[PDB]
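Protein chains in written order, with the UniProt record's numbering: chain A, 1 to 142; chain B, 2 to 130; chain C, 2 to 151; chain D, 1 to 84.
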Amino acid sequence: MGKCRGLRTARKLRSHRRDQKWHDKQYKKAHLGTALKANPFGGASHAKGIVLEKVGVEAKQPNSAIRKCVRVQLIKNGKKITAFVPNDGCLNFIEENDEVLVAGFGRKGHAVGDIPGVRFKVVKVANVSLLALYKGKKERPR
Amino acid sequence: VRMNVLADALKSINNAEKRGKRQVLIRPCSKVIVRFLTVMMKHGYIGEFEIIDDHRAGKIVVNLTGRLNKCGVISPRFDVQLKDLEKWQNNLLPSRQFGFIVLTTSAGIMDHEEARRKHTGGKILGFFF
Amino acid sequence: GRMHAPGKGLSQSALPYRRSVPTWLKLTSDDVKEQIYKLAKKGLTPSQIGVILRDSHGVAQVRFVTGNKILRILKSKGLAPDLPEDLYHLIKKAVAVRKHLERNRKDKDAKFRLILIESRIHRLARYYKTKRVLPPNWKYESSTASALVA
Amino acid sequence: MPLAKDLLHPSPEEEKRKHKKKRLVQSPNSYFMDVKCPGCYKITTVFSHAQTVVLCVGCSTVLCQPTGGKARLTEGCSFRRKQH
RNA sequence: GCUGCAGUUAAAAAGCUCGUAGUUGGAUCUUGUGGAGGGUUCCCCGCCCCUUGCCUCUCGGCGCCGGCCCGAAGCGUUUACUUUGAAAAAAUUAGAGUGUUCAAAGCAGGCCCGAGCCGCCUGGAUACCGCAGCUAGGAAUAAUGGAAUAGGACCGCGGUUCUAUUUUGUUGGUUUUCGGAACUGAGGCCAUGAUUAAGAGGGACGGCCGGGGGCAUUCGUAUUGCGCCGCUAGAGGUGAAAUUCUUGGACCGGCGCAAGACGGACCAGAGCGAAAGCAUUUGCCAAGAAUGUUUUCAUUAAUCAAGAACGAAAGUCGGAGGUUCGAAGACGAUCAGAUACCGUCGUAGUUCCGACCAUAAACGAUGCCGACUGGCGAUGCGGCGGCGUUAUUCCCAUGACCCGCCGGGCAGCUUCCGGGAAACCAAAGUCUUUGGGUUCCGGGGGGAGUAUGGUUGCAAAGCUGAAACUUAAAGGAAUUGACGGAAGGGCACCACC
Numbered sequence: 001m002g003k004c005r006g007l008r009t010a011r012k013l014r015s016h017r018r019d020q021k022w023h024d025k026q027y028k029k030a031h032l033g034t035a036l037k038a039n040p041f042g043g044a045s046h047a048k049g050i051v052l053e054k055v056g057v058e059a060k061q062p063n064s065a066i067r068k069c070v071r072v073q074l075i076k077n078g079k080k081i082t083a084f085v086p087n088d089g090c091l092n093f094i095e096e097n098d099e100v101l102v103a104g105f106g107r108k109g110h111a112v113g114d115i116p117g118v119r120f121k122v123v124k125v126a127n128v129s130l131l132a133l134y135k136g137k138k139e140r141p142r
Numbered sequence: 002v003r004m005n006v007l008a009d010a011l012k013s014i015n016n017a018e019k020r021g022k023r024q025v026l027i028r029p030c031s032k033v034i035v036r037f038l039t040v041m042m043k044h045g046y047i048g049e050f051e052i053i054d055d056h057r058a059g060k061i062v063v064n065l066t067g068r069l070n071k072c073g074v075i076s077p078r079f080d081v082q083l084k085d086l087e088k089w090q091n092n093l094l095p096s097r098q099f100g101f102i103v104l105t106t107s108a109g110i111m112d113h114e115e116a117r118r119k120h121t122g123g124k125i126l127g128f129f130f
Numbered sequence: 002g003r004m005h006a007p008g009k010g011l012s013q014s015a016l017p018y019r020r021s022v023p024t025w026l027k028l029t030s031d032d033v034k035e036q037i038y039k040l041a042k043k044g045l046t047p048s049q050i051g052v053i054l055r056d057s058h059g060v061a062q063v064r065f066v067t068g069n070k071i072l073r074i075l076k077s078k079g080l081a082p083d084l085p086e087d088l089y090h091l092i093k094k095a096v097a098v099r100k101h102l103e104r105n106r107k108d109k110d111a112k113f114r115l116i117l118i119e120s121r122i123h124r125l126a127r128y129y130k131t132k133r134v135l136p137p138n139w140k141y142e143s144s145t146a147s148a149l150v151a
Numbered sequence: 001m002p003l004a005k006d007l008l009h010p011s012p013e014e015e016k017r018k019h020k021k022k023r024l025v026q027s028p029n030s031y032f033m034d035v036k037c038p039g040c041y042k043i044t045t046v047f048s049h050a051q052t053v054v055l056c057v058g059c060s061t062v063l064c065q066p067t068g069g070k071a072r073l074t075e076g077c078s079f080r081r082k083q084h
């Protein structure tokens, strides 16, 4: 309520809504494309890179742990992304200066859990999954 | 100002019925209000009503009962084409069984139930139940 | 309510339903006409004319002893003025304001009130001039204000 | 309000003491009067709210003094209405 | 968030007003009876005046007995709206039929005879298609239309001019005639033509009202300084001090004068102004609200991009002035420290005149206009009435006080009006039973009123205004505890006297 309800006010409605839609956060990222330019991804679900070097990443309080991530440079941008490594002992199955395949966490822009500064994780080392390396139904191909 | 006369009218008789009254005073008397209340009287929601005459525009006085629950206006006046009808009456009525959307057609002012038997669409004015 | 003040108020005249003569009266339609024409010579304008009849003569109003208004009677002769007194009284006021404004440049209150009365002229002019009661080329300016009030 | 009161037929002045444009029919609250003062011996008729000086043709030359309301008479006499 | 959001306090109404575009806008111009279809009046022909408004007619049919009657031809001032037709590629979709082994599909297929029938039967529907355009019917609703400095009606006549090509068998010279068209006078015939005045607006008129504004003028006391007179030792100041002031004498008391500043008490949930704001006297200059009115005009209105006026204090520029207070600054204290709170001194500023600056908790933190819906007592202004007293010439007119009534204005009290998360609010009410008109504005918390470009300004800055990245809370109302160098009571020799 508190607004026009004319019969010839189609212009004053459809131009107002087209302006006040930009104050929404979601809409403003989709249509400016500043999302694409700023992201290390092109909007692609995955991406591929080459390892730079292992790191240890401290946890946010209350939790205290060391989380053993990696840091990676990409093939098609040359810029750098810091990527989590999953389950116990899977760090060892990643060896420095090889290729890897990365993927987002599942929150689509934001850092997940108690680990800060990480927005990406790792899925395949070299056409072989972290699962089959971990479980033992496959072996290192080298 | 008083841009729409009929829209200011119904709110009085709506307010008055709630408090518990049975006589009112509504001004300034449009012909449109008369034929509205005529249809609303036939079905039985209000009683006989007296039109006072003045040269200015007149004044009308109504005798009413608790049968009425609410009569509203719908403004601005949209068109209906007898397939748009079912969508309107669903939103505006408590039930299919009773309630009466009013409208005006070239065949005169009437309820929606009558207009469907004459195959006449037209401009919608208000409602009641 | 008010069109350049915030106020609201009732003081409007209210006429009776009746409208006979009523009975008690005199000066047939024709008598009233010659009674009027004399007054307009003296500079009495249509509003003043009806007052000076209503206060001291037997009329209730000159619309129930004639079939016409006070102004139409004068207009049929050709003795009506070339602009309505309503417009004239607006312009009549604003010249004195402009004089006072030249004599005193620190009366910002007067300067403010002039903007209202000025804009109220232009609105009124746009009624008459669309209705072919004024030339469609006439405008309001300082110069035209001076000459038209004299 | 007792919330059931009649509005068709009002009391002669207990529901016609109201403002004149809030009545069912609009009536004036003014009247005429047939006056014959004893310094201008003529049957003059004058409106109650004079608004202007009413002149006399006799020895006197004033009959009313206008105020904010009903005009008071100088020494005048004889009030009629008549009827309205 | 069109259907369908929110803006007092949770994110949020431009400081305020004017104003074009845009959007929106009062009331008013026709009803009854037989037949036919459906009740017991009421919804295709007609009738009261009208009835699909008219004519004029002429060419090609229908009639009846040369003469006469009625269908088709111009159309009812113009549109929106609504209703009916026409015209719309397929596939897809909806959907009819059909036993794909059932189904997704597909458009097929089904019948009787040993072959000896040389065959039979049947489908491959229908719907939908924003718009805009084309067609026909309706006349309510919403726009638009006419004769008020008259022309509508009839073969009414005159005056004036132009022109048409038909006929006297044909073809040529002439002249009227007829038809069409154009223009002029005086006269009949029209009921001879104006809807009301909005508990809409504008304007006039009357008597009043107000710390409203501008200009001029008048007055009071204090403060400070100066001069003079009198008495003598301290005076200022603070929690306690000290800086500072002082026998050429301060402070204090008395008398006169000068300068600048300022309008006390009276002065109020009082008034006026659009807001910012506005209190000594008197005069002048223009302005405005409310009320009164059987005056005037006749819809002239509401809200508002563009654009425009005013807009506290501080600040900037140029002049005048400079008592008082006083950022800055210099001192004295307090403090471990003390660039502060406190004391002394003191520049800019504070004041006036002329230009700039456009911002505030510019707060009722509450847009403007209109309608409806409780009670009660007051107050300011106008009008109306009165049983009552008083003031003056005994008077009347009138003022003061008393009582009641009617308007509009600042507010209050009261409650199961109703609403709200609650606090609260007769509006923040009449809202899932959602639509009176219209403008502005909001979308978790930060980043940030920052970055950047535009624009305005002498300067100071104002207006316009992002993102990367970061985070799961930020925030509102209310309740229970604890705490308080908060308030009121009471109590203890593990507290004090």
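All C-beta atoms in this analysis are idealised placements derived from N, C-alpha and C, irrespective of residue type, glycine included.
Residue-chain proximity (residue i, chain D), Cβ-Cβ < 8 Å
i        : result
C:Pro23  : yes
B:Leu69  : no
C:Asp56  : yes
C:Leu11  : yes
C:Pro7   : no
B:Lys22  : yes
C:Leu88  : no
B:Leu26  : yes
C:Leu28  : no
C:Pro136 : no
C:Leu16  : yes
Local Cβ density within 10 Å of residue i, reported as buried at 16 or more and exposed below that
i       : result
D:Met1  : exposed
C:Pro23 : exposed
D:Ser11 : exposed
A:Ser45 : exposed
D:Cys77 : exposed
D:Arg80 : exposed
B:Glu87 : exposed
D:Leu63 : buried
B:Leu83 : exposed
Residue-chain proximity (residue i, chain C), Cβ-Cβ < 8 Å
i                      : result
residue 103 of chain D : No statement about residue 103 of chain D is possible, as the shown extent of chain D runs from 1 to 84 and does not include it.
D:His84                : yes
Whole-Å CB distance - residue i paired with residue j, under 8 Å assumed
i        : j        : result
D:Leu24  : B:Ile14  : That belief does not hold up - the Cβ atoms of D:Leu24 and B:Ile14 are roughly 18 Å apart, past 8 Å.
C:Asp56  : D:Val54  : 7 Å
A:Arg67  : A:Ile115 : 5 Å
B:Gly127 : B:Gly48  : Rounded, the Cβ-Cβ distance is 19 Å, inconsistent with contact.
A:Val85  : A:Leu91  : 5 Å
B:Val103 : B:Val40  : 6 Å
D:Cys56  : D:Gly68  : With a Cβ gap of about 23 Å, D:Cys56 and D:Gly68 do not count as contacting.
A:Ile75  : A:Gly49  : 6 Å
Residues within the stretch 29-63 of chain B neighbouring chain D, beta-carbon criterion of under 8 Å: Flagged, chain order: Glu51, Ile53, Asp55, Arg57, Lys60, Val62.
Near-chain C residues of the stretch 34-60 of chain D - C-beta to any C-beta below 7 Å: So the list reads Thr45, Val46, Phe47, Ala50, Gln51, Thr52, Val54, given in the order they occur along the chain.
Start-end ranges of the beta strand (DSSP E) lying completely within the stretch 32-56 of chain A, minimum 3 residues: 46-51
Against chain B: residues of the stretch 2-25 of chain D by CB proximity under 8 Å: Taking 8 Å as the Cβ-Cβ cut-off against chain B, the residues of the stretch 2-25 of chain D that qualify are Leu3, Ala4, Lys5, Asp6, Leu7, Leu8, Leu24, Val25.
Short-range partners of chain D found in the stretch 38-63 of chain C, where Cβ spacing is below 9 Å: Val52, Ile53, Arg55, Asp56, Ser57, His58, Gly59, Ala61
Uninterrupted alpha helix (DSSP H) stretches inside the UniProt region "Disordered" (1-26) of chain A (no shorter than 4 residues): 10-14, 17-20
Beta strand (DSSP E) runs contained entirely in the stretch 59-138 of chain A, provided each spans 3 or more residues: 70-74, 80-83, 99-104, 120-124
Segments assigned beta strand (DSSP E), at least 3 residues, entirely inside the stretch 26-79 of chain B: 47-53, 60-65, 72-74
Secondary structure, alpha helix (DSSP H): runs of 4+ residues fully inside the stretch 10-69 of chain C: Within the stretch 10-69 of chain C, the complete alpha helix (DSSP H) segments at least 4 residues long are 30-42, 47-55, listed from N- to C-terminus.
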